[PDB]
């Protein structure tokens, strides 16, 4: 029976069969979060460039890295941002299904340096749910803040 779980820890130490990288459209290593993914799976960044609102899988050996590019809300309108953030998660669902994996480690896209200084926990998480509800993979959501862990954990609780 496929579950959603949340873990407050480095996504680069996930124990799922694949990872989603919160990526930039240039396929650049990045800093903070993407840096952890670059350091862990540097060969997954070969031709990882993909436009905003898309996802691209690059294998690191047999381990799939799904580069998913949420919008930078600094650059987008609230309405266009929202559209691009929905589409990014939909492309993630498609890659997870295509790969036939049983589990996936996923961050909340567009909630860090791409949030345009706003709190987007509920926006990002609902788009994730919309996309991943139609898949049969175990989903493990990774976050850093304890407050965020609690809020995500409750949003999971109150749909079961």
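Positions refer to the first chain, counted from 1. The term rigid core refers to the maximal set of C-alpha atoms that superpose within 1.5 Å between the two forms.
**Q** If you line up the core and then measure how far each C-alpha sits from this form in 6 other deposited structures of this protein, which stretch comes out higher, 98 to 106 or 25 to 33?
**A** The stretch that sits farther from the shown form in 6 other deposited structures of this protein is 25 to 33.
**Q** Do the CA atoms of 15 to 23 or those of 138 to 146 have the higher mean B-factor in the entry?
**A** Per the PDB entry, the higher value belongs to 138 to 146.
**Q** Should the higher mean CA B-factor in the entry be assigned to 47 to 55 or to 34 to 42?
**A** The stretch with the larger mean CA B-factor is 34 to 42.
**Q** For the CA B factor values reported in this entry, which option in 65, 113, 131, 69 has the top one?
**A** So the option with the highest C-alpha B-factor is 113.
**Q** Classify residue 28 as lowest, middle or highest third according to the C-alpha B-factor given in the PDB entry, relative to its own chain.
**A** Tercile = highest for this residue's CA B-factor.
**Q** What third of the chain does residue 119 rank in for C-alpha temperature factor, lowest, middle or highest?
**A** Highest third - that is where residue 119 ends up once the chain's C-alpha B-factors are sorted.
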